[PDB]
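Scroll down for the structure; my scribbles are underneath it.
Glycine gets a Cβ as well: all are built from the backbone with ideal geometry, and neighbour counts include every protein chain shown. Read-outs throughout are calculated quantities, based only on the coordinates presented, and are distinct from any laboratory measurement.
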Amino acid sequence: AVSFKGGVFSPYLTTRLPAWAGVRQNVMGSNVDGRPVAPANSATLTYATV
Amino acid sequence: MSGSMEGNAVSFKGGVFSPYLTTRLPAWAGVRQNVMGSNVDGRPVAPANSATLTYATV
Amino acid sequence: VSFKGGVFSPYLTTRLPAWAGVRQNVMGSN
Amino acid sequence: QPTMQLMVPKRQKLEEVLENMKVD
Amino acid sequence: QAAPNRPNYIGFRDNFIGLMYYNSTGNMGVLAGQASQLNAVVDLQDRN
Amino acid sequence: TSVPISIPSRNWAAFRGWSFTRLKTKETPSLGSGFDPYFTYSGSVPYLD
Amino acid sequence: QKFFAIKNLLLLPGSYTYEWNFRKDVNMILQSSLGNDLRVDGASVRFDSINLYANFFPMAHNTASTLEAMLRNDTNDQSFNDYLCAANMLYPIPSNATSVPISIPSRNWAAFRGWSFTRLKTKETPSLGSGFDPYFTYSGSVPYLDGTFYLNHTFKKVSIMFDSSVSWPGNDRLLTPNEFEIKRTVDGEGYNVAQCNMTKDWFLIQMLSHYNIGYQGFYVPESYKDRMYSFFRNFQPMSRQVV
Amino acid sequence: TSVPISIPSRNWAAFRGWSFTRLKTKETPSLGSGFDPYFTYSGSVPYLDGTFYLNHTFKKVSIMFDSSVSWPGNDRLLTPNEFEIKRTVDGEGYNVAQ
Amino acid sequence: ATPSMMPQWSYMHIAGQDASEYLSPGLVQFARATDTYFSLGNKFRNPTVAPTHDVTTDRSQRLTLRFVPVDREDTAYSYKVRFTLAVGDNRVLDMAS
Amino acid sequence: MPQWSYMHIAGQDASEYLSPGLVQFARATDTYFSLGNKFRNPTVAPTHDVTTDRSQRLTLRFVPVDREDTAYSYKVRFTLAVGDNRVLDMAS
Amino acid sequence: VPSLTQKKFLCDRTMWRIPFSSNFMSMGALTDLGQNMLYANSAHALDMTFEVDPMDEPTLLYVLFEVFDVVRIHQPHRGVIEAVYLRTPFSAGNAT
Amino acid sequence: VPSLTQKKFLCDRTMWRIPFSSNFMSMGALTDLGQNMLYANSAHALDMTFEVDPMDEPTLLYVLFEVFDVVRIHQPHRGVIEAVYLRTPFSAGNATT
Amino acid sequence: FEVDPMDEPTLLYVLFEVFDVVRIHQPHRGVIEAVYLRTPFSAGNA
Amino acid sequence: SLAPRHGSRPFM
Amino acid sequence: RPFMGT
Amino acid sequence: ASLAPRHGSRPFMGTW
């Protein structure tokens, strides 16, 4: 029921961008040739070789 | 007749979850969940949110 | 990324930095 | 208005939270 | 069927609190020798 | 229901003790510009009263 | 008696007061195969009597007195240690989130030894900082303090960094010089070890601090150093094909 | 409209100086893995291209050491505690060029 | 690091002797000779230590003082502001600015 | 170090800080009244020469220098370059 | 009817207090533990996890880290007021 | 039909370990790098973050710092027991209490 | 920081400018030694 | 080992 | 005097 | 009170 509807979105302190792959966005990413991927979903926690 | 510092519902869309340190969970009751809980006998105890401000006692 | 069943501020809260409008979203001046 | 400080947190022996020289 | 409006009491702050500029660096005050300008009031934003 | 805070490393050579209260955001003037186009309260102000 | 400083303390003559507090909360003391809430649907534990029980060793007093005056010495002092011997730090993750950073303000690490971690489902971890917890409805096994751990494979990978930028794999050692990799999902480098989807640096950091093997060939470790809660005992790869 | 950041204790010895900018997330690589599969963009990455273009949006910064002090220090400034880069409430009079 | 750090600095000539100095006097001549071809200049860093003491204050002096008119008249043909400069002590204005 | 030898956190061992009488006694009655689990031996680790700083990869990667193919065999020609002041026990 | 007693303690116009003394008393001003933070030049990091009763209006916790705020004014020669602000426990000014 | 693979590494009832030793070996309860001069004379803060497969059910982390928890228990007189608790990297009490 | 609200995920840039010297000291026929340092923001263990 | 108990190679 | 840098 | 500045007191003098 907590609505941050009257605050300056950012009270909570922020941390360095992890700087590794994966976690900086969650929009469909594209592979070298075009075969897309899922940004932060399941089916990315399995070793999908070819 | 002023602005609103153009605040229009900051929208967390590209979610790199947790872009704010995490504050080790404090050790006590009512600081983990917002669930309907339970009492020893079996009565229901309301979530930590409200109705637990005016303590009720038999 | 819902925070239901969620605590209520799992995050270190920093200074209200005393400025002028990092305080809320509202109307105002004359 | 020398708003003075007076307080220096160092650390016995006196190294300040630090980080040393990486060598190859 | 009407009624009286709410009672509103406009008035200055207790001890005229807020009229002056304290703890707000920005517009702070000053006290020094007129020919030796060297303040006597240095304010933090946290002194209330 | 919870609000964690933190203070970086410090020494408390003469620290005396804490104190605190709770305030409503709509009544809490911000003092960094001498003008808050967002303060919309005519009532009592706990922060500086 | 499970407390370390009291678990196997050797007492000496003299009368000692000894009181302890027992949880009467049904849900947090009984296990159930479905994890259903117990105190709601019905349950109760009424205590009747609590008696301490001890078995002295009938040592001949001639030698018992010597042992007394002998353990009375300053240099002869006893000493114990908790087995797990490490702090506990819970960290709440958002209901559904991708990552979680933590931070410890400047602090001495004089005798630090290493980090160990896992994941928990918050519905089944009791905050034992109070004598009661009305919000603990789950009843099944509690990984917090019941040895159970079943999610410590969902970690994609971990990173460490000292105070802002000093990463602690170290002056580069690991195959990924800064990122402890545990679930790296796509390879052109072929870093995944077993026919699983581990990383050949994590499976050199594990099975190298647990069984102390590595640098000399990964051989199956003998069961006397592979305990029930050890790493290899529980490691399990698998695979199929999907259309 | 706010980004409180912090840095644990340090030996801020030579700390010469900060330097900000602001990069759109869509165009900034993930250079810690190689083949960041989430860089669906060619453009001109203003992170290793020097093409910073978003500095026209900044409004204020506030350096504060030890959670108490303030590095534009003893008053040396006009707003002696908050670096002002964009005054949209013009008034007392500051606002340099035209 | 050390509570002084000076040594830990000089071992990178980060703030120490200039290259003309630490370089073995033999090498300096060779680098000053063959400088119009194959110059060994852009690889042995110098320093740049800036003046620690007696260059800046600690007790006053807003950088940009704000004086307000002590006078004003609207003649429709001029606006005769009469300020009051109060350049203080141990303090100089250089009336450019 | 004291405040570390006090807890036997790292210091002399259980058999050499106990009063020698007690070492004798515990060795005398360990078969039925063991006392070896009451006093903890500290156990430090070698701190000087057995870990290098000069930046040495923990595990190395080698690619085939060349290869062949006979439709039944597959030759791989690796160049095992072990740096000076290192030992690579070819098991690993 | 039956009854479910409710309790509530209203305490306004005062600020919650938690002195820093060892025994939570006002023995002095420079509290005992204050001087007790010897060990010379050593530091500490604070953490805090206030709870509240969920209100429905953005609130601002107003923790009040308390410290001495002494200022010594001095007038050496007829017209120069020299001051020295030396707040302690959460210092200010970069002018050692 | 054609086929694309998948693989996991189910590992349960075990906790991940990242020993502080320089070479990650069990060279002693009190680690080699733990006693190193740099960490024994000047404390350090720490920032360190994890990944997690998104689970819609709320979940909370769990981290340990492998800290000595020693204890010494002495009995000077018949009926008196004195104890000293300690936690070298994460001491449970300091000058502030 | 105060940042104008831009309706898209963004990212700050916090260059803590600091000294980043390197020392290369090959003292033998084939040994390229080096000593990196970064005064206020080094990341060196030892 | 050694005699300050356990270890390995600061003893030849 | 005593100031400049080098 | 006691001593130099009003020190809240703990100068009950047990002196060798």
Test: residue in segment K:63-77 that is within 14 Å of chain D (Cβ to nearest Cβ) and under 29 Å from residue A:7 (Cβ atoms): yes
How do the pairs read when you match residues in segment J:28-52 that are facing chain L (nearest Cβ under 7 Å) with residues anywhere that are part of a loop (DSSP other than H, G, I, E, B) and of a type in the set (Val, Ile, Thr), using Cβ under 8 Å and keeping only pairs 6 or more apart or on different chains? J:45/L:31
Does residue G:32 satisfy the condition of being over 30 Å from residue C:12 (Cβ atoms), touching a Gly at 6+ places or on another chain (Cβ under 7 Å) and among the hydroxyl-bearing types (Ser, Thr, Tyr)? yes
Just the residues that are surrounded by 17 or more Cβ atoms within 10 Å (Cβ to Cβ), among the aliphatic types (A, V, I, L, M) and over 30 Å from residue L:37 (Cβ atoms), please, taken from segment J:1-25. J:18, J:22
Can you find a residue that is assigned to a loop (DSSP other than H, G, I, E, B) and within 13 Å of chain L (Cβ to nearest Cβ) anywhere in segment J:58-75? yes
Among the residues of segment G:103-112, is any in contact (Cβ under 8 Å) with a residue 12 or more places away in the chain and more than 12 Å from chain B (Cβ to nearest Cβ)? yes
Which listed residue, of F:1, F:21, is at the interface with chain K (Cβ under 7 Å from one of its Cβ atoms), among the polar types (S, T, N, Q) and surrounded by fewer than 19 Cβ atoms within 10 Å (Cβ to Cβ): F:21
Of everything in segment H:56-81, what is among the polar types (S, T, N, Q) and facing another protein chain (nearest Cβ under 7 Å)? Give them in sequence order. H:57, H:62, H:67, H:68, H:74, H:79, H:81
Need the failing condition index for residue J:56 against (1) closer than 28 Å to residue M:28 by Cβ; (2) more than 20 Å from the chain's Cα centre (by Cα); (3) not β-branched (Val, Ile, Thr), just the number. (2)
Being within 19 Å of the chain's Cα centre (by Cα) and either of a type in the set (A, V, I, L, M) or under 22 Å from residue L:28 (Cβ atoms) (or both) is the filter here; which residues of segment G:76-92 pass it? G:80, G:81, G:82, G:83, G:84, G:85, G:86, G:87, G:89, G:90
How many residues does segment G:12-53 contain that are aliphatic (A, V, I, L, M), in contact (Cβ under 8 Å) with a residue 40 or more places away in the chain and in contact with a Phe, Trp or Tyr (Cβ under 9 Å, 6 or more places away or on another chain)? 1
Exactly one condition in (1) within 14 Å of chain E (Cβ to nearest Cβ); (2) over 30 Å from residue H:80 (Cα atoms) is not met by residue I:88; state its number. (2)
Among the residues that make up segment J:26-34, is at least one of them in contact with a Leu (Cβ under 6 Å, 6 or more places away or on another chain), surrounded by fewer than 17 Cβ atoms within 10 Å (Cβ to Cβ) and outside any helix (DSSP H, G or I)? no
Exactly one of L:71, L:84, L:1, L:80 is within 22 Å of residue J:13 (Cα to Cα), of a type outside the set (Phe, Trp, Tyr) and surrounded by fewer than 18 Cβ atoms within 10 Å (Cβ to Cβ), and that residue is L:84
Between residues in segment J:56-77 that are farther than 30 Å from residue G:215 by Cα and residues that are part of a loop (DSSP other than H, G, I, E, B), which pairs lie under 9 Å by C-beta distance while being six or more apart or on different chains? J:68/J:74; J:68/J:75; J:69/J:75
When every residue in segment E:29-46 that is facing another protein chain (nearest Cβ under 10 Å) and under 14 Å from the mean Cα position of the chain (by Cα) is compared, the one nearest to residue I:84 (Cα to Cα) is E:43
Could you look through segment G:82-95, keep only residues that are within 14 Å of residue G:116 (Cα to Cα) and facing chain L (nearest Cβ under 7 Å), and pick out the one that is surrounded by the most Cβ atoms within 10 Å (Cβ to Cβ)? G:86
I'd like the full set of residues that are over 29 Å from residue E:38 (Cα atoms) and surrounded by 10 or more Cβ atoms within 10 Å (Cβ to Cβ), limited to segment I:74-97. I:79, I:80
Any residue in segment B:10-30 that is farther than 24 Å from residue G:135 by Cβ and free of Cβ contacts under 8 Å to residues at least 24 places away in the same chain sitting within a Cβ distance under 9 Å of a residue that is in a loop (DSSP other than H, G, I, E, B) and charged (D, E, K, R)? List the pairs, counting only those 6 or more apart or interchain. B:11/M:7; B:13/M:8; B:14/A:24; B:14/H:26; B:14/M:8; B:16/A:24
Checking residue I:5 against (1) without any contact (Cβ under 8 Å) to a residue 24 or more places away in the chain; (2) within 14 Å of chain E (Cβ to nearest Cβ); (3) of a type outside the set (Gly, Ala, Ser), which test does it fail? (2)
Every residue in segment B:7-58 that is aromatic (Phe, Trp, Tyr), part of a loop (DSSP other than H, G, I, E, B) and out of contact with any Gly (no Cβ under 7 Å at 6 or more places or on another chain), please. B:12, B:17, B:20
For residue B:44, all conditions in the list (1) facing chain G (nearest Cβ under 7 Å); (2) surrounded by fewer than 16 Cβ atoms within 10 Å (Cβ to Cβ) hold save one; what is the number of the exception? (1)
Kindly list the number of the only condition in (1) within 21 Å of the chain's Cα centre (by Cα); (2) of a type in the set (S, T, N, Q); (3) closer than 30 Å to residue L:42 by Cβ that fails for residue I:97. (3)
Kindly indicate the residue of segment E:15-28 that is away from chain I (no Cβ under 11 Å) and within 22 Å of residue K:68 (Cα to Cα) and also surrounded by the most Cβ atoms within 10 Å (Cβ to Cβ) among those meeting that condition. E:24
Looking at (1) farther than 24 Å from residue F:26 by Cβ; (2) surrounded by 16 or more Cβ atoms within 10 Å (Cβ to Cβ), find the lone condition where residue A:50 falls short. (2)
Of everything in segment L:1-58 that's away from chain J (no Cβ under 13 Å) and among the aromatic types (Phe, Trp, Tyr), which residue is nearest to the chain's Cα centre (by Cα)? L:16
Among (1) of a type in the set (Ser, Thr, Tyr); (2) farther than 30 Å from residue J:53 by Cα; (3) surrounded by fewer than 19 Cβ atoms within 10 Å (Cβ to Cβ), the one test that residue G:139 misses: (3)
